[PDB]
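Undergrad: The following file, query39.csv, comprises CSV, C-alpha atoms and all ligand atoms:
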```csv
chain,number,residue,atom,x,y,z
D,11,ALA,CA,0.2,-36.5,8.8
D,12,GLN,CA,-0.5,-37.0,12.5
D,13,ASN,CA,-2.0,-34.1,14.6
D,14,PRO,CA,-2.5,-31.7,11.7
D,15,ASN,CA,-4.4,-29.1,13.8
D,16,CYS,CA,-1.3,-29.0,16.1
D,17,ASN,CA,-3.3,-29.6,19.3
D,18,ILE,CA,-1.5,-30.1,22.6
D,19,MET,CA,-1.5,-33.8,23.3
D,20,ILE,CA,-1.7,-35.4,26.7
D,21,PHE,CA,0.0,-38.8,27.4
D,22,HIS,CA,-0.5,-41.4,30.1
D,23,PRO,CA,2.5,-43.8,29.9
D,24,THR,CA,2.4,-47.1,31.8
D,25,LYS,CA,5.3,-47.9,34.2
D,26,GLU,CA,6.8,-50.1,31.5
D,27,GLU,CA,6.6,-47.3,28.8
D,28,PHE,CA,8.1,-44.9,31.4
D,29,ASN,CA,11.4,-46.9,31.4
D,30,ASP,CA,13.0,-45.6,28.3
D,31,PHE,CA,12.9,-41.7,28.0
D,32,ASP,CA,14.2,-41.5,24.4
D,33,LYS,CA,11.9,-44.2,23.1
D,34,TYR,CA,8.8,-42.5,24.7
D,35,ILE,CA,9.7,-39.1,23.2
D,36,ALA,CA,10.0,-40.6,19.8
D,37,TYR,CA,6.6,-42.4,20.3
D,38,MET,CA,5.0,-39.1,21.1
D,39,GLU,CA,6.4,-37.6,18.0
D,40,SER,CA,5.1,-40.6,15.9
D,41,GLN,CA,1.6,-39.4,17.1
D,42,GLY,CA,2.3,-35.8,16.1
D,43,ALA,CA,2.9,-34.4,19.5
D,44,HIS,CA,5.6,-32.0,18.4
D,45,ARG,CA,3.4,-30.3,16.0
D,46,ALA,CA,1.8,-28.4,18.9
D,47,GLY,CA,5.1,-27.2,20.3
D,48,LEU,CA,4.2,-28.5,23.8
D,49,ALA,CA,2.9,-31.9,25.3
D,50,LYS,CA,1.7,-33.0,28.8
D,51,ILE,CA,2.9,-36.3,30.3
D,52,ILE,CA,1.0,-37.6,33.3
D,53,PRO,CA,3.4,-40.2,35.0
D,54,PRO,CA,2.2,-43.6,36.0
D,55,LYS,CA,0.5,-43.8,39.3
D,56,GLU,CA,3.4,-46.1,40.6
D,57,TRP,CA,6.0,-43.3,40.1
D,58,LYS,CA,7.1,-40.6,42.4
D,59,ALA,CA,9.8,-37.9,42.1
D,60,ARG,CA,10.8,-38.2,45.7
D,61,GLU,CA,9.2,-39.2,49.0
D,62,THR,CA,8.2,-35.8,50.5
D,63,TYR,CA,8.7,-32.1,50.1
D,64,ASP,CA,8.9,-31.5,53.8
D,65,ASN,CA,12.6,-30.6,53.9
D,66,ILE,CA,13.1,-28.0,51.1
D,67,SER,CA,12.8,-24.7,53.1
D,68,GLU,CA,16.5,-24.2,53.5
D,69,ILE,CA,17.3,-24.1,49.8
D,70,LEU,CA,18.6,-20.6,49.0
D,71,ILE,CA,17.3,-18.3,46.3
D,72,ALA,CA,20.5,-16.2,46.0
D,73,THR,CA,19.1,-13.6,43.6
D,74,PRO,CA,15.3,-13.4,43.6
D,75,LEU,CA,14.0,-11.3,40.7
D,76,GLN,CA,11.1,-8.8,40.9
D,77,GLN,CA,9.3,-8.8,37.6
D,78,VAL,CA,8.4,-5.2,36.8
D,79,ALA,CA,6.1,-4.6,33.8
D,80,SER,CA,5.8,-1.8,31.2
D,81,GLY,CA,3.2,-1.4,28.5
D,82,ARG,CA,-0.5,-2.2,28.3
D,83,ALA,CA,-2.3,-5.1,29.7
D,84,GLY,CA,-2.2,-7.3,26.6
D,85,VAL,CA,1.3,-6.1,25.2
D,86,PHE,CA,4.0,-5.6,27.8
D,87,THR,CA,7.7,-6.1,28.6
D,88,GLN,CA,9.1,-7.1,31.9
D,89,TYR,CA,12.5,-6.4,33.5
D,90,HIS,CA,14.0,-8.2,36.3
D,91,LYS,CA,15.0,-6.3,39.4
D,92,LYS,CA,17.5,-8.0,41.7
D,93,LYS,CA,16.5,-8.5,45.3
D,94,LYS,CA,18.2,-9.7,48.5
D,95,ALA,CA,18.7,-13.4,49.0
D,96,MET,CA,16.1,-15.4,50.7
D,97,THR,CA,15.4,-19.1,51.6
D,98,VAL,CA,12.6,-21.1,50.0
D,99,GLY,CA,10.9,-21.0,53.5
D,100,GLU,CA,11.1,-17.2,53.4
D,101,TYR,CA,9.9,-17.0,49.8
D,102,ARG,CA,7.0,-19.3,50.5
D,103,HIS,CA,5.8,-17.0,53.3
D,104,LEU,CA,6.2,-14.0,51.0
D,105,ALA,CA,4.2,-15.6,48.2
D,106,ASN,CA,1.3,-16.4,50.7
D,107,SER,CA,1.3,-12.8,52.1
D,108,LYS,CA,-1.6,-10.5,51.4
D,109,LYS,CA,0.5,-8.4,49.0
D,110,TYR,CA,1.4,-11.4,46.8
D,111,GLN,CA,-1.1,-14.2,47.3
D,112,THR,CA,-3.5,-15.6,44.7
D,113,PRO,CA,-6.9,-13.8,44.7
D,114,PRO,CA,-10.1,-15.5,45.2
D,115,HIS,CA,-11.3,-17.0,41.9
D,116,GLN,CA,-13.9,-19.4,40.4
D,117,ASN,CA,-11.8,-21.6,38.2
D,118,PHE,CA,-8.7,-21.6,36.0
D,119,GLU,CA,-10.4,-19.5,33.3
D,120,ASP,CA,-11.4,-16.7,35.8
D,121,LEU,CA,-7.8,-16.7,37.1
D,122,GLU,CA,-6.5,-16.4,33.6
D,123,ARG,CA,-8.8,-13.4,33.0
D,124,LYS,CA,-7.6,-11.8,36.2
D,125,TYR,CA,-4.0,-12.4,35.2
D,126,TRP,CA,-4.3,-10.6,31.9
D,127,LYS,CA,-6.4,-7.8,33.2
D,128,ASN,CA,-4.2,-7.1,36.3
D,129,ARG,CA,-0.7,-8.5,35.8
D,130,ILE,CA,0.9,-5.2,34.8
D,131,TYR,CA,-0.2,-3.5,37.9
D,132,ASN,CA,1.9,-5.7,40.2
D,133,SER,CA,5.5,-6.9,40.5
D,134,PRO,CA,5.8,-10.5,41.7
D,135,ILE,CA,9.1,-12.0,42.9
D,136,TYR,CA,10.4,-15.1,41.1
D,137,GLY,CA,13.3,-17.5,42.0
D,138,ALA,CA,14.6,-18.6,38.6
D,139,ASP,CA,17.4,-20.6,37.1
D,140,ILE,CA,18.7,-22.0,40.4
D,141,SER,CA,21.0,-24.9,39.6
D,142,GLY,CA,19.9,-28.0,41.4
D,143,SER,CA,17.5,-31.0,41.6
D,144,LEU,CA,14.6,-32.3,43.8
D,145,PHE,CA,14.5,-35.8,42.2
D,146,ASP,CA,15.6,-38.5,44.6
D,147,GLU,CA,18.7,-40.1,43.4
D,148,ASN,CA,16.9,-43.5,43.5
D,149,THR,CA,14.1,-42.3,41.2
D,150,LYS,CA,15.1,-44.2,38.0
D,151,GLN,CA,12.5,-43.1,35.5
D,152,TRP,CA,12.3,-39.5,34.1
D,153,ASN,CA,14.8,-38.2,36.6
D,154,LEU,CA,15.8,-34.8,35.2
D,155,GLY,CA,19.2,-35.0,36.7
D,156,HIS,CA,20.0,-38.3,34.9
D,157,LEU,CA,19.0,-37.7,31.4
D,158,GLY,CA,21.5,-38.1,28.4
D,159,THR,CA,23.5,-34.9,27.9
D,160,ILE,CA,23.1,-32.7,24.9
D,161,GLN,CA,26.9,-32.9,24.4
D,162,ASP,CA,26.7,-36.7,24.2
D,163,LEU,CA,23.7,-36.4,21.8
D,164,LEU,CA,25.8,-34.2,19.5
D,165,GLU,CA,28.7,-36.6,19.7
D,166,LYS,CA,26.5,-39.6,18.9
D,167,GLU,CA,24.8,-37.8,15.9
D,168,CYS,CA,27.7,-35.8,14.5
D,169,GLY,CA,30.9,-37.5,15.8
D,170,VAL,CA,32.4,-34.4,17.4
D,171,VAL,CA,33.3,-34.5,21.1
D,172,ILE,CA,32.7,-31.1,22.8
D,173,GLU,CA,33.1,-29.5,26.2
D,174,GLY,CA,30.1,-28.6,28.4
D,175,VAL,CA,27.7,-30.0,30.8
D,176,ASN,CA,23.9,-30.0,31.0
D,177,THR,CA,22.3,-29.8,34.4
D,178,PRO,CA,18.8,-29.1,35.8
D,179,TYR,CA,17.4,-25.9,37.2
D,180,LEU,CA,14.8,-25.1,39.9
D,181,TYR,CA,12.1,-22.4,39.6
D,182,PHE,CA,10.2,-21.1,42.6
D,183,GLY,CA,7.1,-19.1,41.6
D,184,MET,CA,4.2,-17.1,43.0
D,185,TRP,CA,1.0,-15.6,41.7
D,186,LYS,CA,1.6,-13.6,38.5
D,187,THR,CA,5.2,-14.7,38.0
D,188,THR,CA,5.7,-14.8,34.3
D,189,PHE,CA,7.7,-16.5,31.6
D,190,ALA,CA,7.9,-14.4,28.5
D,191,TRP,CA,7.5,-15.5,24.9
D,192,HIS,CA,10.6,-17.5,23.8
D,193,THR,CA,12.0,-20.7,22.3
D,194,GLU,CA,14.8,-22.6,24.1
D,195,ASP,CA,18.5,-21.8,23.7
D,196,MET,CA,19.6,-23.2,20.3
D,197,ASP,CA,15.9,-24.2,19.8
D,198,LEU,CA,16.4,-27.2,22.1
D,199,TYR,CA,13.7,-29.3,23.7
D,200,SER,CA,12.8,-28.7,27.3
D,201,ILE,CA,11.2,-30.8,30.0
D,202,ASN,CA,9.6,-29.4,33.0
D,203,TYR,CA,8.3,-31.1,36.1
D,204,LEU,CA,5.9,-29.3,38.5
D,205,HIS,CA,7.1,-30.7,41.9
D,206,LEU,CA,4.7,-29.0,44.2
D,207,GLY,CA,2.2,-26.2,44.7
D,208,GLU,CA,-0.1,-24.3,42.5
D,209,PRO,CA,-0.6,-24.7,38.7
D,210,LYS,CA,1.2,-23.1,35.8
D,211,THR,CA,-0.6,-22.0,32.7
D,212,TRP,CA,1.1,-22.3,29.3
D,213,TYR,CA,0.6,-20.8,25.9
D,214,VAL,CA,2.4,-22.2,22.8
D,215,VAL,CA,2.7,-21.5,19.0
D,216,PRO,CA,3.2,-24.6,16.7
D,217,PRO,CA,6.8,-24.7,15.4
D,218,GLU,CA,5.6,-24.6,11.9
D,219,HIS,CA,4.1,-21.2,12.6
D,220,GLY,CA,6.8,-19.7,14.7
D,221,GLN,CA,7.7,-17.0,12.1
D,222,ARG,CA,4.1,-15.7,12.4
D,223,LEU,CA,4.7,-15.0,16.1
D,224,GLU,CA,8.1,-13.4,15.3
D,225,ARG,CA,6.5,-11.1,12.7
D,226,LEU,CA,3.9,-10.0,15.2
D,227,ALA,CA,6.5,-9.5,17.9
D,228,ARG,CA,8.5,-7.2,15.6
D,229,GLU,CA,5.4,-5.1,15.0
D,230,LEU,CA,4.4,-4.9,18.7
D,231,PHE,CA,7.9,-4.2,20.1
D,232,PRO,CA,9.4,-2.1,17.3
D,233,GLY,CA,12.3,-0.5,19.3
D,234,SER,CA,13.4,-3.9,20.7
D,235,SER,CA,13.3,-5.3,17.2
D,236,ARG,CA,15.5,-2.6,15.8
D,237,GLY,CA,17.9,-3.4,18.6
D,238,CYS,CA,18.3,-7.1,18.0
D,239,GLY,CA,17.2,-9.4,15.2
D,240,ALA,CA,16.6,-12.1,17.9
D,241,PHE,CA,15.2,-10.0,20.7
D,242,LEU,CA,12.8,-12.7,21.9
D,243,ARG,CA,15.9,-14.4,23.2
D,244,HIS,CA,16.0,-11.7,25.9
D,245,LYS,CA,12.9,-13.2,27.4
D,246,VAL,CA,11.1,-10.0,28.2
D,247,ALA,CA,8.1,-9.7,25.8
D,248,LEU,CA,4.5,-10.7,26.7
D,249,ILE,CA,1.5,-10.9,24.3
D,250,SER,CA,-1.9,-11.9,25.6
D,251,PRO,CA,-4.1,-14.5,24.0
D,252,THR,CA,-6.7,-11.8,23.1
D,253,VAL,CA,-4.0,-10.0,21.1
D,254,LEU,CA,-2.8,-13.1,19.5
D,255,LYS,CA,-6.4,-14.0,18.4
D,256,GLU,CA,-6.9,-10.4,17.1
D,257,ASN,CA,-3.8,-10.9,14.9
D,258,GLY,CA,-4.7,-14.4,13.7
D,259,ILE,CA,-1.7,-16.1,15.4
D,260,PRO,CA,-2.2,-19.8,15.8
D,261,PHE,CA,-1.7,-21.0,19.5
D,262,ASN,CA,-2.9,-23.2,22.2
D,263,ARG,CA,-3.2,-23.1,25.9
D,264,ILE,CA,-3.0,-25.7,28.8
D,265,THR,CA,-2.7,-25.7,32.6
D,266,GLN,CA,0.0,-27.9,34.2
D,267,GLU,CA,-0.7,-29.2,37.8
D,268,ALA,CA,1.7,-30.5,40.4
D,269,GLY,CA,2.9,-34.0,39.5
D,270,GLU,CA,2.8,-33.5,35.8
D,271,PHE,CA,5.6,-33.1,33.1
D,272,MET,CA,5.5,-30.8,30.2
D,273,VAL,CA,7.8,-31.2,27.1
D,274,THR,CA,8.5,-28.2,24.8
D,275,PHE,CA,9.6,-29.1,21.3
D,276,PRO,CA,12.3,-27.5,19.1
D,277,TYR,CA,11.2,-24.0,17.9
D,278,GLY,CA,7.9,-24.1,19.9
D,279,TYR,CA,7.5,-20.5,21.2
D,280,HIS,CA,5.9,-20.6,24.6
D,281,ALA,CA,5.0,-18.2,27.5
D,282,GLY,CA,2.9,-18.4,30.7
D,283,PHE,CA,2.3,-17.7,34.4
D,284,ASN,CA,2.1,-19.3,37.8
D,285,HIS,CA,-1.1,-19.4,39.8
D,286,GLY,CA,0.5,-19.2,43.3
D,287,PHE,CA,3.4,-20.6,45.2
D,288,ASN,CA,5.0,-23.5,43.3
D,289,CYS,CA,8.3,-25.3,42.5
D,290,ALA,CA,9.3,-26.6,39.1
D,291,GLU,CA,12.4,-28.3,37.8
D,292,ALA,CA,13.4,-28.1,34.1
D,293,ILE,CA,16.3,-29.0,31.8
D,294,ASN,CA,17.1,-28.8,28.1
D,295,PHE,CA,17.5,-32.0,26.1
D,296,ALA,CA,18.1,-33.1,22.5
D,297,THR,CA,17.2,-35.9,20.2
D,298,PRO,CA,18.3,-36.7,16.7
D,299,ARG,CA,15.5,-34.6,15.3
D,300,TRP,CA,16.8,-31.5,17.1
D,301,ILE,CA,20.1,-31.3,15.1
D,302,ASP,CA,18.5,-29.6,12.1
D,303,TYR,CA,16.8,-27.0,14.3
D,304,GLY,CA,20.0,-26.3,16.2
D,305,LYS,CA,21.7,-25.5,12.9
D,306,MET,CA,19.0,-22.9,12.0
D,307,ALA,CA,18.3,-21.3,15.4
D,308,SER,CA,18.5,-17.5,15.6
D,309,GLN,CA,20.9,-16.0,17.9
D,310,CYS,CA,21.2,-12.8,20.0
D,311,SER,CA,24.4,-11.0,19.2
D,312,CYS,CA,23.5,-7.6,20.9
D,313,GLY,CA,24.8,-8.6,24.2
D,314,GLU,CA,21.5,-8.8,26.1
D,315,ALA,CA,20.7,-12.5,26.2
D,316,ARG,CA,24.1,-13.7,27.8
D,317,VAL,CA,23.8,-17.5,28.2
D,318,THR,CA,25.4,-20.6,29.5
D,319,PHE,CA,29.0,-21.6,28.9
D,320,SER,CA,27.8,-24.8,27.2
D,321,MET,CA,26.0,-22.9,24.3
D,322,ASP,CA,29.5,-21.8,22.9
D,323,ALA,CA,30.2,-25.2,21.6
D,324,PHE,CA,26.8,-25.7,20.0
D,325,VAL,CA,27.2,-22.4,18.1
D,326,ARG,CA,30.8,-23.2,17.2
D,327,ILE,CA,30.0,-26.7,15.7
D,328,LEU,CA,26.4,-26.2,14.3
D,329,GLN,CA,26.7,-22.5,13.2
D,330,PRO,CA,30.4,-21.8,12.4
D,331,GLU,CA,29.6,-18.8,10.2
D,332,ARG,CA,27.7,-17.1,13.0
D,333,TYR,CA,30.3,-18.0,15.6
D,334,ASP,CA,32.6,-15.0,15.4
D,335,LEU,CA,29.7,-12.4,15.6
D,336,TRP,CA,27.8,-14.3,18.3
D,337,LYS,CA,30.9,-14.6,20.5
D,338,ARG,CA,31.7,-10.9,20.3
D,339,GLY,CA,28.1,-10.3,21.7
D,340,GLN,CA,29.1,-12.6,24.6
D,341,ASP,CA,32.4,-10.7,25.3
D,401,LIG,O1,9.0,-23.2,34.7
D,401,LIG,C1,9.3,-22.2,33.9
D,401,LIG,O2,10.0,-21.3,34.4
D,401,LIG,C2,8.9,-22.0,32.5
D,401,LIG,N1,9.6,-23.1,31.8
D,401,LIG,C3,10.0,-23.0,30.5
D,401,LIG,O3,10.0,-22.0,29.7
D,401,LIG,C4,10.5,-24.4,30.1
D,401,LIG,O4,10.5,-25.5,30.8
D,401,LIG,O5,10.8,-24.3,28.9
D,402,MG,MG,16.1,-27.4,52.7
D,403,NI,NI,11.2,-22.4,28.0
D,404,ZN,ZN,19.8,-9.4,21.6
```
Go through the file and emit its structure as structure tokens.
TA:
Amino acid sequence: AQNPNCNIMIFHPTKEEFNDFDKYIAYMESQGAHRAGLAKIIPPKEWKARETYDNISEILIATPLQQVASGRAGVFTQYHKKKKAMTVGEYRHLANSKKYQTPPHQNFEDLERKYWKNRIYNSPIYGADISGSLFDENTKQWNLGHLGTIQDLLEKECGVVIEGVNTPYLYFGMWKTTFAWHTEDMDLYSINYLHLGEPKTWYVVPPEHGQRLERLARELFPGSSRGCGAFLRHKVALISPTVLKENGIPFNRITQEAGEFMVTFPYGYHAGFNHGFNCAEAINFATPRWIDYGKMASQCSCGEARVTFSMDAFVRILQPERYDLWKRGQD
């Protein structure tokens, strides 16, 4: 069995191996990459996402979110307070202001310590889930706006044509902006490209140990758990690496830098934070191996998680028994 310790693997494809996305994902899985829940892919040196980032300041962040924490330093929830619209240029200036900028630090490990010690005491502002792309239309390899759609994958594997579309989203971050512990909708893959700026630190639980995380989460967030059998789908709960180690939860950590891709695998719980001003692009995707995870994915039916239009069909076709209840939560 390849990668039995479930370590995060790092790949360095050649330009020739970068030509066929599906084939390269399947190659990574033949080496056991999926067992970690997360892999890093460093693109060939010949590749570029686009020519420059000099013309992005007029993108609009229509609903910036202020991430307000409650709890203790190692175990907290965050809610997202809506703020007034601002451009990327305005957001970048805000991120670099004395109130929000990255503090002085020695290395990534010192910054991580500072994050976990101090995150709850501040409320950073995040631009999330902005539909759009920064890949040049003439970038032909690993262009996240030109990947095969999940609806086409389901049709190829299962024979059923469904409505829906699958497009990329941009994320503008600053110091301390945080992504809570979650798996992807319908336990999909994700791919994330860090276009520019400061790094992003990731934590991940191996898929084969996901239920261990879930059990801890129900203990640490007992009211939320009573409210919803799938409350991590609300994307609000944070648990530090010190708390995870204290509770014997298997996990790994890695820092992504600008110019690097990360892939999350089906049912790989992950969380993390941004080091400073940055811009990432991400999209969900599927492979044949995903189908069986889609059929088993939990779902939020309490009303909180409220998701994309296109998730309807996945629930309807892969989880017909759950469909009725889930849809009542969406209406
Ligand atoms: O960049 C982000 O906001 C964090 N991304 C993810 O959770 C992802 O790609 O799955
Ligand atoms: Mg612009
Ligand atoms: Ni994710
Ligand atoms: Zn819920």
Undergrad: Which residues, written as a list in words, have at least one atom at most 10 Å from residue D:153, with all atoms listed in the file counted and residues fewer than 6 positions away on the same chain left out?
TA: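 So the residues in contact are residues 31, 58, 59, 60, 143, 144, 145, 146, 147, 178 and 203 of chain D.
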Undergrad: Identify which of the residues D:43, D:157, D:214, D:140 lies closest to ligand NI 403 (chain D), counting all atoms listed in the file when measuring atom-to-atom distances.
TA: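 Residue with the minimum atom-to-atom distance to ligand NI 403 (chain D): D:214.
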Undergrad: Please compute the atom CA of residue D:295-atom CA of residue D:17 distance, one decimal, in Å.
TA: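 Separation of atom CA of residue D:295 and atom CA of residue D:17: 22.0 Å.
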Undergrad: Could you tell me how far atom CA of residue D:82 lies from atom CA of residue D:131, in Å and to one decimal?
TA: 9.7 Å
Undergrad: Smallest atom-to-atom distance to residue D:246: which of D:222, D:108, D:90, D:129, using all atoms listed in the file?
TA: D:90
Undergrad: With all atoms listed in the file counted, which protein, DNA or RNA residues have an atom no more than 10 Å from (12.3, -27.0, 34.6) in the file frame? Please answer as a list in words.
TA: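 In the file's frame, the residues around the point are residues 138, 139, 140, 143, 154, 178, 179, 180, 181, 200, 201, 202, 203, 204, 205, 271, 272, 273, 289, 290, 291, 292, 293 and 294 of chain D.
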Undergrad: Between atom CA of residue D:155 and atom CA of residue D:73, measure the distance and give it in Å to one decimal.
TA: 22.5 Å
